Structure formats: C-alpha cells, structure tokens
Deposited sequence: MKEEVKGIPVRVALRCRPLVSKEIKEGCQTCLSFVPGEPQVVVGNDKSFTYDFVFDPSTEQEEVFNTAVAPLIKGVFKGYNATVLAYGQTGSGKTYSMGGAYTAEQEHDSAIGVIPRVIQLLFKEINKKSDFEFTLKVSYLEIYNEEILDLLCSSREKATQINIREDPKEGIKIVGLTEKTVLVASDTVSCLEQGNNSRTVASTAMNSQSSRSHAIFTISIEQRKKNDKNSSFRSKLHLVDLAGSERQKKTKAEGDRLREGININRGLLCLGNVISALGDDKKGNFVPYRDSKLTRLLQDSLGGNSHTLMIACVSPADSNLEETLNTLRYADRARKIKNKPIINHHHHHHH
C-alpha cells in the first residue's frame, strides 16, 4: 500500500565505460525484462518506478519518465527532476548538463534540452492560453551559490509567508525555444568542470536550471498559474583513492561529499516522516534549495544513475539504497493559483 504522492525514482544504468573495460571489470547489475527491478551483485533486488538498462537511449528515458512530469506544469504544478549518483555514473549526460549548440539534433541530447523542446511544443498547442517563461541557472560550488548566467554574493533568505528567495540571482525572460536553450548553453559554459581519474569532465558543483512558468487564459488575465520547474544536475560522490585528486580538486571533492551527506540525511529523515519529525534541510545550501522538491510542494522525479561495473559495487549499492529511500518521501504538490 502506497498512500499519497511519492517522489518517483528512475534507476538508470549506463553501459561500461573505457576506464572500467581497461581495469577488467565485469557487469554486476542484471535486469528483469519488462519489470522495474534491478538485481545487484547477482543477489540483492531493488524495485523503482522505472528501470533503464544500459541499452536505454536518451529519448526513451525522456518519453517514459520525464515527459509525463513536465506535462504537469501545464496544470499549474511545480516539478523537479534531479540526477543523483557516483562520479562518472551519467548525471550530466542524462540531464544535458554539458549540452552545447554543437549537440543540436544529436539523439544523444539529454533531459534539459528535451524539456525545452517539449514546453514550446505544448505552448503552441495551447492556443487559448498565454505564457510567460523566465530562466535562472545557478551552481553550488564549495558552499557558495554562483550565477551561471553572470559572465556580488548571492544569499538565501527565507520568506516567512512561504519559500526560499535566492537574493541577487539573475533571470532572463525567454520568448522561444532557441533563446531558452541559449541560456542552457551559456550556463553550461560557466559550470565549474575539471578532470579527475574517474571523470575527465567531472562536475565540481551542483547545478540547478529553473524555468519559471506563468500561464493564463487569454479571455481572463486576472487568474493565472505560477509555478517553477527545477532541473538539477548534482555533483557526485567521489573517493580520493579513485580520483587521485589533490589540492583544489580534492577540496572540491570534500565539499561535494559533505553536501551529498546532507542530502542523504534529508532523504533518510523524510522516509519515516511523521508529526513532530525534524528534517535537516538547513544543513546545506543544496538541501535548502531542494526543500520543496523533497517533501513539499512539487511533483519530483529522481534519476538515480549507476555504473554497472563490479569495481563500483559499493558506491552503486549506496545509490540504490538512497534511491529506494527517496521513494518513501511523500510530497504535497498543489495547483499554484494566483489572482491579481
């Protein structure tokens, strides 16, 4: 029995990568055809809302798991898609967190460029309605919020009558798909990325791409829906013994791991939520920004990314365990009406 509106979880297993083939890894994950199950270490089974094996292409991930969620923003809901998993697991790949214009029309494009396409397709169908879209794009780098659309210090202020405000963050008002994707491209070029042994293009920050959507009926300008879509490419857990990181790179890894610890503590707290519980959102900027997304006013999809390689079994088990806990989180999305 599942009561209410849980966080949904898609488990995505990428294929083996060159590093793993080089080191002689075997696959340690197996799948059960047509069932949303994965078997790990040929022994332990986990069930999710979706399971995508290594052959699953970007288009299928999007159409199966993401598109139905995005369509909910047109009913006036907030929604979040967040990718979570070890370094090198495929979060940025899945999300399109490194998309550039060079990738336009490549079937390898990920979630964010696909969301932008879909939003404008749906807007064009909804000829009886008018829309306002704005985008912001930030990263959380070594515990600071940096504006990725900014080629002063940004701070979180809690409004008493509902919600976080990110003071000093810029927004662009967009008109069509092309200028919306330009924002993604621009922010992606600013995202802090560096090499480690586990990923030559490791994300050194958590990135959040936000589209604010206002919808109103053309025959009635006073009433609207106003909601937000957050598209989140987290940084991933890493171990110095595998990354070989030193200096500033290792400091990034420490800050990343600490934040992900805070996220794990939030997920664990929410799994058994009840009256009088405490959930440690306040412990990190990341978990403050994800407060509505996890346990609050949002429809939320986690894309949990894993490597199939036996050398990563421990990390993969950690991701599977936390992704299993995330399914127990109950959200309370409402229709975000506004009247003027």
### Non-modelled portions of the deposited polymer sequence, in sequence order
1-3, 155-159, 349-351
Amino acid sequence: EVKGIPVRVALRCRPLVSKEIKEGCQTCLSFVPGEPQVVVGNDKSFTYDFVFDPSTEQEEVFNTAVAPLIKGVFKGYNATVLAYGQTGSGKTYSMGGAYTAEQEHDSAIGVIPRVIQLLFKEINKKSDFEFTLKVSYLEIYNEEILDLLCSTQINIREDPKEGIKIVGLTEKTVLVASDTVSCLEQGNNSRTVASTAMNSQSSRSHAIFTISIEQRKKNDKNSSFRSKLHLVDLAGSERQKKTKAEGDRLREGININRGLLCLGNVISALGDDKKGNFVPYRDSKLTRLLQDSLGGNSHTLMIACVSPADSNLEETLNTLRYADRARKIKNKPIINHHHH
From here on, numbers count along this sequence of modelled residues.
### Query
Per the entry, where is the mean C-alpha temperature factor higher: 282-290 or 267-275?
267-275
### Message
Averaging CA B factors per stretch from the PDB record, which one is higher: 247-255 or 202-210?
### Response
247-255
### Task
Have a look at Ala235, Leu229, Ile156, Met95 and flag the one whose Cα has the highest B-factor in the entry.
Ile156
#### Entry: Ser136, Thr196, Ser224, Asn78, ranked by C-alpha B-factor: the highest one
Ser224
### Task
Relative to the other modelled residues of the same chain, rank the CA B-factor of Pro113 and answer lowest, middle or highest third.
lowest
### Task
Relative to the other modelled residues of the same chain, rank the CA B-factor of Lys161 and answer lowest, middle or highest third.
highest
### Task
Determine, from the deposited record, the chain-internal third of the Cα B-factor for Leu149: lowest, middle or highest.
highest
### Task
Using the B-factor values recorded in the entry, state whether the Cα atom of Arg191 falls in the lowest, middle or highest third among the modelled residues of its chain.
middle
## Note on the structure
By the entry's values, the third containing the CA B factor of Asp49 is the lowest
